[PDB]
Each structure stands twice: as structure tokens, then as C-alpha cells.
Amino acid sequence: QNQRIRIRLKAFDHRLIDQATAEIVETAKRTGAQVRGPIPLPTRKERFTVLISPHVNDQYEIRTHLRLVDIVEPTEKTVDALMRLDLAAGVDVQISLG
Amino acid sequence: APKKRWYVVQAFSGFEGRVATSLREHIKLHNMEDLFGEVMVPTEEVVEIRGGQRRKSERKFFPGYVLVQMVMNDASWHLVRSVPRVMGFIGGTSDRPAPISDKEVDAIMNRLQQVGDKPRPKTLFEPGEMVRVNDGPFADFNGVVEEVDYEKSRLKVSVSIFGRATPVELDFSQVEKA
Amino acid sequence: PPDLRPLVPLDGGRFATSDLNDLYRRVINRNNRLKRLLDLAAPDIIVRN
Amino acid sequence: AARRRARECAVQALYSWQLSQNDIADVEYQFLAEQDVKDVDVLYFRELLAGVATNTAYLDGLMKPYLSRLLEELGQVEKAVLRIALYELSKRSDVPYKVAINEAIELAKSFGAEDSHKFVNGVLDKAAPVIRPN
Amino acid sequence: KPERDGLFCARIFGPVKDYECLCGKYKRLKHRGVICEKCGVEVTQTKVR
Amino acid sequence: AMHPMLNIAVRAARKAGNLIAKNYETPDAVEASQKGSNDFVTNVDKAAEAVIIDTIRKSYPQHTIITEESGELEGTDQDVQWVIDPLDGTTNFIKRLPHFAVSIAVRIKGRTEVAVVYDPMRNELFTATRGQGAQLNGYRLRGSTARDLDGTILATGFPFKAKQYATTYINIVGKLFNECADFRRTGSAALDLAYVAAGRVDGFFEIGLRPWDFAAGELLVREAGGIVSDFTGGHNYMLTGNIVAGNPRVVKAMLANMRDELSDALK
Ligand SMILES: [Mg+2]
Ligand SMILES: [Zn+2]
């Protein structure tokens, strides 16, 4: 079927990014899906600020990592295991299909 | 220096095209091109590649009527009323029609520039409606469009993958109802 | 209500289209058309007629 | 820009390689398919693909007793970056200690985990013996 | 089937069959009173039409 | 299917209600911050408001929003308005009384188009959209079946912020109590209107209501078979904050009953 099942993955954590990426590419290479590279684009600075009850009148810039992995073989069991096998929170999982 | 204004005449349900044809033909008949400037039937071309109607679709600004650049005179009046299938002169009192205003012409022509410039697929989408997916990767799943795009045209749509809802960039070509 | 103006079929796809349904079709068609014109820049004489 | 930084132009490949575990030729294939990179001399692209030869283990075997921590715990990004930086001087012999290590420290800042450079530099003091005629 | 937003729309008037949702999500007298969510029609006796 | 704007609004309302409920179990953090004459605006109201506005901006960065706190935040497409009360009956919340709701309504070209109110405590979600009706967690809402004043239950709010009319109001109250069955005083005009839509009260009336409170209920009762009006049958209510609503016959009886007692200030 269609090719560009391309998942970008932003986060501020690292090791769970590795866990999720490894699990995802596992599902890919196990379900017959021809996985492309994770290809982690350069880690980016991302601005925070303390938007809580502040100090009376604390990360503010973080290295958000980006894993831009691509899967080009959507079998049935691919989408099956994908929607089945879950991912940790704290990750931006804006994906693209095309 | 007789300036031919712009008038409107009622056509019928499904006759407008041949009405405009016959009008130009009768103009040529009486050779009265000087009295009849141009017969305008504005239309629209909404383009969708699938979903029944495919690769194009033809809408009109408003049916039942035809726009002319006639000049007012009883001769021209009967020349338009001596045609196969029309109603009277849409306007004020009959036998004394009301030419449409110039601002009307200008606005309608801006409309025509807009429509003919960009082929704009109508039956558009609204952020917040739910819709399924008829595409291989997400066959018969259903999520909600969180953002609609036109140039990119890739339907930012939140759907349920691996528990957590997430956006997806599937194109118009695979959307379900609405 | 839909009951009091029923659309009873025939042996085939032939339905007894009660006049009420047809008049309602006509008027609702005019209404939809007129509204669609109202949002679409409304040429004055046309919306009048 | 082109010659040296070439490394960090395709460490991705390495990463993806060390994650994909497929044919390195197809790895570079999909990588060059991903984008047209011009900050890399294609000879260094061939070097990076040559960076598969088994001495990879050996170069981490180079520091295998010279390790502050375990190997798998070193992230795949650090794994790949350090492995290719040592593939420069453990099997390829491209440049001396200072040059290649300035490379390995400067061209992992857009990939490290906010502290990677301190540990890679503290453990890479093994790069001094590997080219002792520094 | 009665067309949605039409002169016989079950959603706007009522279920065509007694205590039976239009989309077939309910066919039991118990579930009387809950609108559906696939066609969105109340489940009552057809008399309400 | 479903109405889109309705859907995004109900998502916003769900998030807001969950936030309010989560904060409801720590009364040591939410303080009493008064604004006018006994109209508290706690920080939790601000947080819920911000959450709702954020959730909306995702799907309509161009729609002008209205809020009792932030006044009127203009949008690049101001033909459609979003009226919000992140909390109704702030007093009922500060006393930790578990009866309140968040209200979100969307007007198009001035005419109200969709409305939702959400009570997190009882977990009730009154939705309403014009041309489709009103629903309570999946049940249609045809209001009270009352057709007189006997046996009728009248929900109401008191002008405890416009106390000058108190006597007047109380006056009419007495008159009403001579014909109705019993009163109800809950403290949240949105929820009272909702109850009118659910027939749980045979009618409702109030004086001195902000335009951003009934906007989520007036459409509710309208698509709930009921009707609203000013104290005289007109439509100046949207400016007078004087509402009377209920099923039509009861509204007629109430208006004919109240027209005499009414102080000509409200007329
Ligand atoms: Mg409020
Ligand atoms: Zn159904």
C-alpha cells in the first residue's frame, strides 16, 4: 500500500525515545515493513518558562530530540500491531501519511 | 453614445446554456450585436479526484437566470422575449426592466476572477467534525479533523494510534463522510 | 409529521408522492437556494426575485 | 564544511544502521535517498559505509577495559559517533589525536544528550595511545 | 431508508421500526430512550412519528 | 455524524470539567478572590478559562472569544463568537458545594448556534445544537409537561448582586408562591436552565444576569421545546439580564401573572 508512513518523534527525554524507536522499528522489521532509518535530526533548543505559581515577587530551554523514522510497507498486521503496541507519554508523535 | 447596461432575464430549470446559445443566434439573426453586448452565464468548476464525481465538477453562481449586456429598447426587449425558453425581464416592472447596477457587475466579475483563478474544491471540511478513513494504512478507522489545509491539502486529523490520540497527515483522497 | 403525509410505495419503486411532500420539496428547495444566494454576494435584483 | 564535517553529515546513517541492522549498502542507499547532502565528500561517505568492518567491536574492544560504564548503556547516538570516530584511527588512520578528537567533540553537539561531550572526551583519552606518535 | 435531514429523517422525527435504532445498534425494549450515536436517532415506538 | 463546532466545544468542556473536579479536592489551594459585590473569581476559574481558550485556539485561531474575565479577545474572523463561563456559581464552588458547571456556547452571526454545559460532580453533559435538539448523555430533552402553575416547581436565582430590586423580586416571589408548588434555588443559572431543558424544574426566572451566562442555556431550552423571554414577552432580555423561561404554556401563565407585580424599572 501507500509508502510514506513517516513518524516524527519529538521529546525531551532520551532513553524512552530509544525504547519507543526500537520497539517501533521492531514492529516494522517483524511485520514485513521495510523500515527506513530513524535518522535523528539535530537535537533542537526549545524554550520553556515557569508557568505555575512562580517564586514570590525549572527548565527554560531544553534539548528536544527528534527521531524521524519512516515505514514504507503497511501490511494489515503492521497497522494492527501499531495501534495495539503502545508508547510512553511525553513524546510528540505527529506522524505523516504521504 | 448608447451605453448598453447589464440586465438579467429568467432562464428555466435546466435550459440556461442553450438559452444563451439561442440568444446569440437571434442577435446574429437581427444583426443586433450593437444592442446586445454579451450574454453572461457565470459558473464554477469544483474539482475532486474521486468520491463519485471525479477530476472536475461544474457549479454555477446562481441558476435560473442569465446576464446580458443589452441596451434598453422595446426592439431588444421583444428580441429577448421572442426566444424559445425564457421568462420575463427579471427586474422592476415588466416592459420597463431594471438594469442591474454597475457595482453588481464589478463584484460579480471579481467573483469570476476569484473562481476561475483557483480551482477550489467545495464540499469543504471543518475543524471538529469526525470522519473515517478509506485508505489502506488506516482502513475504516475514524478520527476527528483537527486542522484543514488546502494548498498542502493533507488533513491534520487526530486519530487513535497506540492508545494516545495523535495527528495524522492523510490527504483528502481517503476521507469518509463530511 | 411524516406519518400524516405518508409515502406509500407500490409493487416496485413506485411511490405515491403525496402532494404535501412535493410542495414541501419545492419550498425547501427555494429556501436552500435563496440562502445559498444570500451568502454568495447577493445580486440585488436576483435575491429580490 | 565538506571534508571533516562529512562525519556528522551521515552519523545519522550510523545511528540508523545501528538501529536498522540491515545491509549497510542499502543503509547508505536509503540515507542518500532521504536528502541530497553536499557537506560531505563522497569518499568520506564510502569511509562511513566501510565503518562496518568487524574492528568496530575491537575499537570498543580498544576501550573494553577502558570504560567508565557498560557498552549498551552508551546510547545508540554515542555508540555510533564514538565508533566512527575510532574507526578513523583504529582501522582507517585518517588524522592524529587532536584533529580527530576535536572533530568528535565539536560534531556531536547537535546530537548529544546535553552532557555527551564530557564523557566522550573523558573516555577518549584512550585516543592518545591509539596514535602514540601524536 | 429515510434520508438524514430529509422529510422523513428518523433523527428529526423518530425510528421507522418500533424500539429499533436506524443504524441497528439497539433492538431491545430495555434500551428505550437513548439516542444512537452512529445514526443519531431516539429509540421509541414508531408511533412517535 | 455530529456538529463539528459542537464536538470541539464538548472536548474543551470535558478538559475544563476534569480540571475543575481535580482541583475540587484540595480546598487549601483555591482561595476566595472577590471581584465585585460577592462575585468571587478564584485562580481555578482563571486556570480553567486558560485551558478552554488554549484548546479552542488549536481549532479556531480566528474566532473572537468572550469571557467574563478577559472581556472580549478579538479574532481575525469576528463573525462567530465563543461565549464562555469556565465556572458558574463561583460561590457554590468556594463553599465546596458540589453543584456547578462549565458553560460553552458558540454564536454565529449573533444567533446562538451551539451550547454545552458540563457538571463534573454528577458527571452530566447537557449538549444542544440548533436544528438537532438537546441531549442529556444521550436522552432527548422535552422539558416539563406542565401546563398550569399548580404542582409546578419554579427554579430561580435571586438578585444578590443587584439587591436594589430585591423587594420587587421578593414581591413577585410572593405572588408566585400563591400559585406554584415549590421553589428551587441552586446558585448557577446555567445549571438551572439546563434543568429546565430536562424538565427537572417546571420553569425558571431571574433578574440581573450577565449576557455570558444564559447564552449557553437559552439555546438549550429553545431546542428543548421550551421558550425564553423578558419579563414582558419582548426580547430585550439579552440586555436587561431579566429572563423567564419554560415550556410555552407555563411561560404564558407566568408572564400574565408577573406583568402586574413588575416594577416599571425592568420594563
Ligand atoms: Mg462565570
Ligand atoms: Zn443508530
# chains A, B, ... in the order shown; residues from 1 in each chain; ligands from 1
>>> residues_around(residues="residue 43 in chain E", least_positions_apart="3", cutoff="7 Å", atoms="only C-alpha atoms", output="ChimeraX atom specification")
/E:15,19-21,32-35
>>> residues_near_ligand(ligand="ligand 2", cutoff="7 Å", atoms="only C-alpha atoms and all ligand atoms", output="PDB file with C-alpha atoms, in the first residue's frame")
ATOM      1  CA  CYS E  21     -32.458   2.157  16.114  1.00  0.00           C
ATOM      2  CA  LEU E  22     -31.980   3.135  12.493  1.00  0.00           C
ATOM      3  CA  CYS E  23     -28.333   2.044  12.395  1.00  0.00           C
ATOM      4  CA  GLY E  24     -29.201  -1.237  14.102  1.00  0.00           C
ATOM      5  CA  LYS E  25     -27.273  -0.527  17.288  1.00  0.00           C
ATOM      6  CA  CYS E  36     -27.998   6.358  18.858  1.00  0.00           C
ATOM      7  CA  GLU E  37     -24.503   7.549  18.026  1.00  0.00           C
ATOM      8  CA  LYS E  38     -23.979   6.067  14.550  1.00  0.00           C
ATOM      9  CA  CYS E  39     -27.160   7.451  13.011  1.00  0.00           C
ATOM     10  CA  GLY E  40     -28.326   9.540  15.967  1.00  0.00           C
ATOM     11  CA  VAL E  41     -31.980   8.598  16.364  1.00  0.00           C
TER      12      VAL E  41
END
>>> atom_distance(atom1="CA of residue 18 in chain C", atom2="CA of residue 3 in chain E")
17.2 Å
>>> select_by_dssp(residues="range 174-243 of chain F", states="strand (DSSP E)", output="PyMOL selection string")
chain F and resi 182-184+204-207+227-229+242-243
>>> atom_distance(atom1="CA of residue 22 in chain F", atom2="CA of residue 106 in chain F")
25.9 Å
>>> interface_residues(of="chain B", to="chain E", cutoff="12 Å", atoms="only C-alpha atoms", output="MDAnalysis selection string")
chainID B and resid 130:131 142
>>> atom_distance(atom1="CA of residue 65 in chain B", atom2="CA of residue 30 in chain B")
22.8 Å
>>> select_by_dssp(residues="chain E", states="helix (DSSP H, G or I)", output="PyMOL selection string")
chain E and resi 10-13+46-48
>>> residues_around(residues="residue 127 in chain D", least_positions_apart="4", cutoff="9 Å", atoms="only C-alpha atoms", output="list in words")
residues 86, 89, 97, 98, 101, 123, 131 and 132 of chain D
>>> write_last_selection(atoms="C-alpha atoms", output="PDB file, in the first residue's frame")
ATOM      1  CA  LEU D  86      37.545   5.456  16.490  1.00  0.00           C
ATOM      2  CA  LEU D  89      42.138   5.923  13.804  1.00  0.00           C
ATOM      3  CA  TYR D  97      44.581  12.524  18.012  1.00  0.00           C
ATOM      4  CA  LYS D  98      43.982  16.275  18.392  1.00  0.00           C
ATOM      5  CA  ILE D 101      39.087  14.309  18.638  1.00  0.00           C
ATOM      6  CA  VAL D 123      36.894   8.254  27.980  1.00  0.00           C
ATOM      7  CA  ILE D 131      48.137   7.120  17.968  1.00  0.00           C
ATOM      8  CA  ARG D 132      51.067   7.480  20.343  1.00  0.00           C
TER       9      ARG D 132
END
>>> residues_near_ligand(ligand="ligand 1", cutoff="10 Å", atoms="only C-alpha atoms and all ligand atoms", output="VMD selection string")
chain F and resid 39 to 41 45 49 67 to 69 84 to 90 101 to 103 188 to 190 210 212 to 213
>>> residues_around(residues="residue 83 in chain F", least_positions_apart="3", cutoff="8 Å", atoms="only C-alpha atoms", output="JSON list (two decimals) with C-alpha atoms, in the first residue's frame")
[["chain", "number", "residue", "atom", "x", "y", "z"],
["F", 65, "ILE", "CA", -13.97, 34.79, 22.23],
["F", 66, "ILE", "CA", -15.89, 36.40, 25.08],
["F", 67, "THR", "CA", -15.26, 35.75, 28.77],
["F", 104, "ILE", "CA", -19.53, 27.00, 26.46],
["F", 105, "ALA", "CA", -21.74, 28.42, 23.74],
["F", 106, "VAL", "CA", -20.94, 29.39, 20.16],
["F", 107, "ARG", "CA", -22.95, 32.08, 18.39],
["F", 212, "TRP", "CA", -22.38, 35.43, 29.11],
["F", 215, "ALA", "CA", -26.13, 32.19, 26.13],
["F", 216, "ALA", "CA", -25.32, 28.57, 26.94]]
>>> interface_residues(of="chain B", to="chain F", cutoff="7 Å", atoms="only C-alpha atoms", output="VMD selection string")
chain B and resid 126 to 129 146 to 147
>>> closest_residue(among="A:37, A:52, A:19, A:96", to="chain F", atoms="only C-alpha atoms")
A:52
>>> interface_residues(of="chain D", to="chain A", cutoff="12 Å", atoms="only C-alpha atoms", output="mmCIF file with N, CA, C and O atoms, in the first residue's frame")
data_model
loop_
_atom_site.group_PDB
_atom_site.id
_atom_site.type_symbol
_atom_site.label_atom_id
_atom_site.label_comp_id
_atom_site.auth_asym_id
_atom_site.auth_seq_id
_atom_site.Cartn_x
_atom_site.Cartn_y
_atom_site.Cartn_z
ATOM 1 N N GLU D 8 29.622 14.147 10.647
ATOM 2 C CA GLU D 8 28.315 14.442 11.217
ATOM 3 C C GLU D 8 27.236 14.643 10.162
ATOM 4 O O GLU D 8 26.065 14.788 10.525
ATOM 5 N N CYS D 9 27.588 14.666 8.875
ATOM 6 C CA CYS D 9 26.544 14.672 7.861
ATOM 7 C C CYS D 9 25.872 13.317 7.731
ATOM 8 O O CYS D 9 24.725 13.253 7.280
ATOM 9 N N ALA D 10 26.547 12.235 8.122
ATOM 10 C CA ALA D 10 25.991 10.903 7.934
ATOM 11 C C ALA D 10 26.051 10.035 9.185
ATOM 12 O O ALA D 10 25.805 8.826 9.089
ATOM 13 N N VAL D 11 26.367 10.605 10.354
ATOM 14 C CA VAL D 11 26.275 9.830 11.589
ATOM 15 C C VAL D 11 24.867 9.285 11.761
ATOM 16 O O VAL D 11 24.674 8.201 12.329
ATOM 17 N N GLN D 12 23.869 10.023 11.266
ATOM 18 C CA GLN D 12 22.506 9.528 11.135
ATOM 19 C C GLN D 12 22.487 8.111 10.592
ATOM 20 O O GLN D 12 21.980 7.186 11.239
ATOM 21 N N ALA D 13 23.045 7.942 9.390
ATOM 22 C CA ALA D 13 23.211 6.622 8.800
ATOM 23 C C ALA D 13 23.686 5.639 9.854
ATOM 24 O O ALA D 13 22.999 4.658 10.165
ATOM 25 N N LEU D 14 24.832 5.949 10.466
ATOM 26 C CA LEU D 14 25.376 5.121 11.534
ATOM 27 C C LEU D 14 24.304 4.794 12.562
ATOM 28 O O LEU D 14 23.966 3.624 12.778
ATOM 29 N N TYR D 15 23.734 5.834 13.175
ATOM 30 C CA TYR D 15 22.606 5.669 14.081
ATOM 31 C C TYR D 15 21.581 4.720 13.480
ATOM 32 O O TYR D 15 21.326 3.633 14.014
ATOM 33 N N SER D 16 21.032 5.104 12.328
ATOM 34 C CA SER D 16 20.021 4.271 11.696
ATOM 35 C C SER D 16 20.558 2.877 11.443
ATOM 36 O O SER D 16 19.875 1.884 11.714
ATOM 37 N N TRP D 17 21.796 2.782 10.956
ATOM 38 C CA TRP D 17 22.422 1.478 10.808
ATOM 39 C C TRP D 17 22.359 0.728 12.127
ATOM 40 O O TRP D 17 21.723 -0.327 12.232
ATOM 41 N N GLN D 18 22.944 1.315 13.170
ATOM 42 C CA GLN D 18 22.969 0.665 14.469
ATOM 43 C C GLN D 18 21.580 0.481 15.053
ATOM 44 O O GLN D 18 21.443 -0.181 16.086
ATOM 45 N N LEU D 19 20.552 1.040 14.423
ATOM 46 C CA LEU D 19 19.188 0.706 14.793
ATOM 47 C C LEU D 19 18.514 -0.209 13.782
ATOM 48 O O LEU D 19 17.744 -1.091 14.173
ATOM 49 N N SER D 20 18.797 -0.033 12.490
ATOM 50 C CA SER D 20 18.088 -0.813 11.482
ATOM 51 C C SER D 20 18.599 -2.247 11.422
ATOM 52 O O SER D 20 17.805 -3.182 11.268
ATOM 53 N N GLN D 21 19.908 -2.435 11.555
ATOM 54 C CA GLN D 21 20.547 -3.742 11.435
ATOM 55 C C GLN D 21 20.154 -4.422 10.125
ATOM 56 O O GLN D 21 19.640 -5.542 10.090
ATOM 57 N N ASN D 22 20.406 -3.704 9.034
ATOM 58 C CA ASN D 22 20.209 -4.229 7.691
ATOM 59 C C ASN D 22 21.487 -4.043 6.888
ATOM 60 O O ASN D 22 22.529 -3.694 7.451
ATOM 61 N N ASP D 23 21.428 -4.281 5.583
ATOM 62 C CA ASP D 23 22.619 -4.167 4.753
ATOM 63 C C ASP D 23 23.091 -2.719 4.700
ATOM 64 O O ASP D 23 22.322 -1.816 4.356
ATOM 65 N N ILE D 24 24.364 -2.504 5.043
ATOM 66 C CA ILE D 24 24.904 -1.151 5.118
ATOM 67 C C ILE D 24 24.833 -0.461 3.767
ATOM 68 O O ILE D 24 24.662 0.763 3.694
ATOM 69 N N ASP D 26 22.380 -0.832 1.503
ATOM 70 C CA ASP D 26 21.020 -0.302 1.476
ATOM 71 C C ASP D 26 20.825 0.785 2.522
ATOM 72 O O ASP D 26 19.969 1.658 2.353
ATOM 73 N N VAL D 27 21.605 0.755 3.603
ATOM 74 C CA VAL D 27 21.521 1.814 4.605
ATOM 75 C C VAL D 27 21.913 3.149 3.985
ATOM 76 O O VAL D 27 21.155 4.126 4.027
ATOM 77 N N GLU D 28 23.109 3.203 3.392
ATOM 78 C CA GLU D 28 23.530 4.407 2.684
ATOM 79 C C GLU D 28 22.597 4.716 1.525
ATOM 80 O O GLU D 28 22.402 5.885 1.182
ATOM 81 N N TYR D 29 22.012 3.684 0.919
ATOM 82 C CA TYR D 29 21.049 3.878 -0.156
ATOM 83 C C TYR D 29 19.863 4.708 0.317
ATOM 84 O O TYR D 29 19.564 5.769 -0.239
ATOM 85 N N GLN D 30 19.178 4.233 1.355
ATOM 86 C CA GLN D 30 18.048 4.976 1.899
ATOM 87 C C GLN D 30 18.479 6.327 2.451
ATOM 88 O O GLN D 30 17.706 7.289 2.400
ATOM 89 N N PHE D 31 19.706 6.427 2.971
ATOM 90 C CA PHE D 31 20.174 7.705 3.501
ATOM 91 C C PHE D 31 20.311 8.745 2.393
ATOM 92 O O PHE D 31 19.775 9.853 2.501
ATOM 93 N N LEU D 32 21.038 8.411 1.325
ATOM 94 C CA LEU D 32 21.133 9.328 0.197
ATOM 95 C C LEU D 32 19.775 9.546 -0.446
ATOM 96 O O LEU D 32 19.539 10.590 -1.062
ATOM 97 N N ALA D 33 18.869 8.576 -0.316
ATOM 98 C CA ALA D 33 17.503 8.785 -0.771
ATOM 99 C C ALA D 33 16.777 9.798 0.102
ATOM 100 O O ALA D 33 15.842 10.459 -0.363
ATOM 101 N N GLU D 34 17.193 9.932 1.363
ATOM 102 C CA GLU D 34 16.489 10.813 2.287
ATOM 103 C C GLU D 34 16.701 12.279 1.930
ATOM 104 O O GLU D 34 15.747 13.066 1.927
ATOM 105 N N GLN D 35 17.937 12.666 1.628
ATOM 106 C CA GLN D 35 18.226 14.044 1.255
ATOM 107 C C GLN D 35 19.545 14.085 0.499
ATOM 108 O O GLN D 35 20.363 13.166 0.584
ATOM 109 N N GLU D 72 26.208 -1.161 26.079
ATOM 110 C CA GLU D 72 24.849 -0.940 25.599
ATOM 111 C C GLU D 72 24.217 0.273 26.265
ATOM 112 O O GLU D 72 23.356 0.929 25.669
ATOM 113 N N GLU D 73 24.633 0.589 27.493
ATOM 114 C CA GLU D 73 24.102 1.766 28.167
ATOM 115 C C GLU D 73 24.519 3.046 27.461
ATOM 116 O O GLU D 73 23.764 4.024 27.458
ATOM 117 N N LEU D 74 25.710 3.068 26.870
ATOM 118 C CA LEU D 74 26.063 4.161 25.978
ATOM 119 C C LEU D 74 25.066 4.191 24.834
ATOM 120 O O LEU D 74 24.960 3.226 24.072
ATOM 121 N N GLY D 75 24.315 5.283 24.737
ATOM 122 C CA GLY D 75 23.238 5.386 23.773
ATOM 123 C C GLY D 75 23.650 5.085 22.347
ATOM 124 O O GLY D 75 24.836 5.142 22.010
ATOM 125 N N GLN D 76 22.673 4.753 21.502
ATOM 126 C CA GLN D 76 22.974 4.459 20.107
ATOM 127 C C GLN D 76 23.628 5.642 19.411
ATOM 128 O O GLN D 76 24.470 5.450 18.528
ATOM 129 N N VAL D 77 23.269 6.868 19.799
ATOM 130 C CA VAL D 77 23.904 8.048 19.220
ATOM 131 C C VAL D 77 25.375 8.109 19.616
ATOM 132 O O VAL D 77 26.259 8.264 18.764
ATOM 133 N N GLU D 78 25.659 7.963 20.912
ATOM 134 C CA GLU D 78 27.043 7.916 21.368
ATOM 135 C C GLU D 78 27.759 6.691 20.819
ATOM 136 O O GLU D 78 28.919 6.780 20.406
ATOM 137 N N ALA D 80 27.277 5.113 17.936
ATOM 138 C CA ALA D 80 27.649 5.333 16.544
ATOM 139 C C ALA D 80 28.729 6.398 16.418
ATOM 140 O O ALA D 80 29.712 6.217 15.686
ATOM 141 N N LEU D 107 31.448 17.886 16.533
ATOM 142 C CA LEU D 107 30.409 17.409 15.632
ATOM 143 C C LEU D 107 29.519 16.351 16.274
ATOM 144 O O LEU D 107 29.015 15.458 15.588
ATOM 145 N N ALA D 108 29.328 16.433 17.593
ATOM 146 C CA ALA D 108 28.307 15.661 18.293
ATOM 147 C C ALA D 108 27.472 16.551 19.207
ATOM 148 O O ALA D 108 26.786 16.045 20.101
ATOM 149 N N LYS D 109 27.523 17.873 19.003
ATOM 150 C CA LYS D 109 26.770 18.803 19.839
ATOM 151 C C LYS D 109 25.315 18.895 19.420
ATOM 152 O O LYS D 109 24.441 19.100 20.269
ATOM 153 N N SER D 110 25.036 18.751 18.131
ATOM 154 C CA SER D 110 23.666 18.690 17.649
ATOM 155 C C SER D 110 23.066 17.295 17.770
ATOM 156 O O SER D 110 21.985 17.052 17.226
ATOM 157 N N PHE D 111 23.738 16.373 18.459
ATOM 158 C CA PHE D 111 23.203 15.037 18.685
ATOM 159 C C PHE D 111 23.309 14.555 20.122
ATOM 160 O O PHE D 111 22.522 13.685 20.514
ATOM 161 N N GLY D 112 24.230 15.084 20.918
ATOM 162 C CA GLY D 112 24.464 14.559 22.248
ATOM 163 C C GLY D 112 23.282 14.768 23.173
ATOM 164 O O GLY D 112 22.369 15.551 22.921
ATOM 165 N N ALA D 113 23.307 14.027 24.277
ATOM 166 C CA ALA D 113 22.265 14.119 25.300
ATOM 167 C C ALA D 113 22.687 15.082 26.410
ATOM 168 O O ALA D 113 22.831 14.708 27.572
ATOM 169 N N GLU D 114 22.969 16.319 25.991
ATOM 170 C CA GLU D 114 23.198 17.519 26.801
ATOM 171 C C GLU D 114 24.426 17.401 27.698
ATOM 172 O O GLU D 114 24.844 18.386 28.313
ATOM 173 N N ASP D 115 25.026 16.217 27.772
ATOM 174 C CA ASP D 115 26.259 16.046 28.529
ATOM 175 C C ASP D 115 27.214 15.089 27.834
ATOM 176 O O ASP D 115 28.212 14.686 28.441
ATOM 177 N N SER D 116 26.924 14.703 26.593
ATOM 178 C CA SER D 116 27.668 13.629 25.954
ATOM 179 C C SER D 116 29.140 13.973 25.803
ATOM 180 O O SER D 116 29.998 13.084 25.879
#
>>> decode(residues="range 53-83 of chain A", atoms="N, CA and C atoms", output="mmCIF file, in the first residue's frame")
data_model
loop_
_atom_site.group_PDB
_atom_site.id
_atom_site.type_symbol
_atom_site.label_atom_id
_atom_site.label_comp_id
_atom_site.auth_asym_id
_atom_site.auth_seq_id
_atom_site.Cartn_x
_atom_site.Cartn_y
_atom_site.Cartn_z
ATOM 1 N N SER A 53 2.468 28.912 39.810
ATOM 2 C CA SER A 53 2.701 29.881 40.871
ATOM 3 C C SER A 53 4.205 30.105 40.981
ATOM 4 N N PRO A 54 4.706 31.260 40.565
ATOM 5 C CA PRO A 54 6.150 31.454 40.445
ATOM 6 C C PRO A 54 6.775 31.666 41.817
ATOM 7 N N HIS A 55 8.077 31.926 41.811
ATOM 8 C CA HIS A 55 8.735 32.381 43.023
ATOM 9 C C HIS A 55 8.209 33.763 43.384
ATOM 10 N N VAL A 56 8.052 34.007 44.687
ATOM 11 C CA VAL A 56 7.331 35.185 45.155
ATOM 12 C C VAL A 56 7.966 36.450 44.594
ATOM 13 N N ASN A 57 7.123 37.360 44.114
ATOM 14 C CA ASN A 57 7.587 38.599 43.503
ATOM 15 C C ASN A 57 7.648 39.717 44.537
ATOM 16 N N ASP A 58 13.274 23.685 37.122
ATOM 17 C CA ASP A 58 12.862 24.882 36.398
ATOM 18 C C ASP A 58 13.588 25.002 35.065
ATOM 19 N N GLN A 59 13.316 24.074 34.153
ATOM 20 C CA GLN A 59 13.920 24.126 32.831
ATOM 21 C C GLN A 59 13.231 25.204 32.003
ATOM 22 N N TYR A 60 14.031 26.053 31.356
ATOM 23 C CA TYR A 60 13.514 27.079 30.464
ATOM 24 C C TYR A 60 13.966 26.910 29.024
ATOM 25 N N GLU A 61 15.033 26.162 28.776
ATOM 26 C CA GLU A 61 15.385 25.745 27.429
ATOM 27 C C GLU A 61 15.903 24.319 27.501
ATOM 28 N N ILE A 62 15.348 23.448 26.663
ATOM 29 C CA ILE A 62 15.633 22.023 26.719
ATOM 30 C C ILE A 62 16.099 21.537 25.356
ATOM 31 N N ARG A 63 16.932 20.498 25.374
ATOM 32 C CA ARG A 63 17.359 19.799 24.165
ATOM 33 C C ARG A 63 16.286 18.783 23.810
ATOM 34 N N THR A 64 15.353 19.188 22.956
ATOM 35 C CA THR A 64 14.352 18.262 22.450
ATOM 36 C C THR A 64 14.965 17.426 21.331
ATOM 37 N N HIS A 65 14.971 16.113 21.521
ATOM 38 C CA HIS A 65 15.427 15.190 20.499
ATOM 39 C C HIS A 65 14.312 14.859 19.524
ATOM 40 N N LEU A 66 14.721 14.523 18.303
ATOM 41 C CA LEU A 66 13.834 14.301 17.171
ATOM 42 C C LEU A 66 14.250 13.026 16.462
ATOM 43 N N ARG A 67 13.367 12.039 16.442
ATOM 44 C CA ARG A 67 13.566 10.823 15.663
ATOM 45 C C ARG A 67 12.584 10.829 14.502
ATOM 46 N N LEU A 68 13.100 10.906 13.281
ATOM 47 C CA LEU A 68 12.257 10.992 12.095
ATOM 48 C C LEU A 68 12.393 9.670 11.348
ATOM 49 N N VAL A 69 11.600 8.688 11.759
ATOM 50 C CA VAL A 69 11.693 7.354 11.202
ATOM 51 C C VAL A 69 10.602 7.205 10.155
ATOM 52 N N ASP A 70 10.811 6.283 9.222
ATOM 53 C CA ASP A 70 9.896 6.116 8.105
ATOM 54 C C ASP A 70 9.642 4.638 7.861
ATOM 55 N N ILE A 71 8.384 4.302 7.592
ATOM 56 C CA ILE A 71 7.954 2.949 7.275
ATOM 57 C C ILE A 71 7.188 3.018 5.965
ATOM 58 N N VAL A 72 7.574 2.181 5.002
ATOM 59 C CA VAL A 72 7.012 2.231 3.659
ATOM 60 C C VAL A 72 6.203 0.997 3.311
ATOM 61 N N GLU A 73 6.042 0.053 4.234
ATOM 62 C CA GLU A 73 5.283 -1.167 3.964
ATOM 63 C C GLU A 73 4.183 -1.325 5.004
ATOM 64 N N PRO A 74 2.984 -0.857 4.703
ATOM 65 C CA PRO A 74 1.809 -1.039 5.573
ATOM 66 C C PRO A 74 0.994 -2.302 5.290
ATOM 67 N N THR A 75 1.462 -3.435 5.807
ATOM 68 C CA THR A 75 0.642 -4.638 5.780
ATOM 69 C C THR A 75 -0.560 -4.452 6.705
ATOM 70 N N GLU A 76 -1.424 -5.462 6.762
ATOM 71 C CA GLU A 76 -2.511 -5.413 7.731
ATOM 72 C C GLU A 76 -1.967 -5.480 9.150
ATOM 73 N N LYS A 77 -1.151 -6.494 9.430
ATOM 74 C CA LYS A 77 -0.625 -6.665 10.774
ATOM 75 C C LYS A 77 0.242 -5.488 11.201
ATOM 76 N N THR A 78 0.785 -4.716 10.253
ATOM 77 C CA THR A 78 1.525 -3.514 10.626
ATOM 78 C C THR A 78 0.634 -2.560 11.404
ATOM 79 N N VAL A 79 -0.463 -2.115 10.788
ATOM 80 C CA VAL A 79 -1.360 -1.205 11.488
ATOM 81 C C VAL A 79 -1.958 -1.886 12.705
ATOM 82 N N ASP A 80 -2.177 -3.199 12.626
ATOM 83 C CA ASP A 80 -2.687 -3.932 13.776
ATOM 84 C C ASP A 80 -1.779 -3.733 14.982
ATOM 85 N N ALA A 81 -0.532 -4.186 14.874
ATOM 86 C CA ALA A 81 0.398 -4.084 15.990
ATOM 87 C C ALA A 81 0.686 -2.635 16.360
ATOM 88 N N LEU A 82 0.695 -1.730 15.382
ATOM 89 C CA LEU A 82 0.954 -0.327 15.682
ATOM 90 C C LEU A 82 -0.100 0.233 16.622
ATOM 91 N N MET A 83 -1.366 0.215 16.203
ATOM 92 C CA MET A 83 -2.406 0.684 17.107
ATOM 93 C C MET A 83 -2.490 -0.162 18.368
#
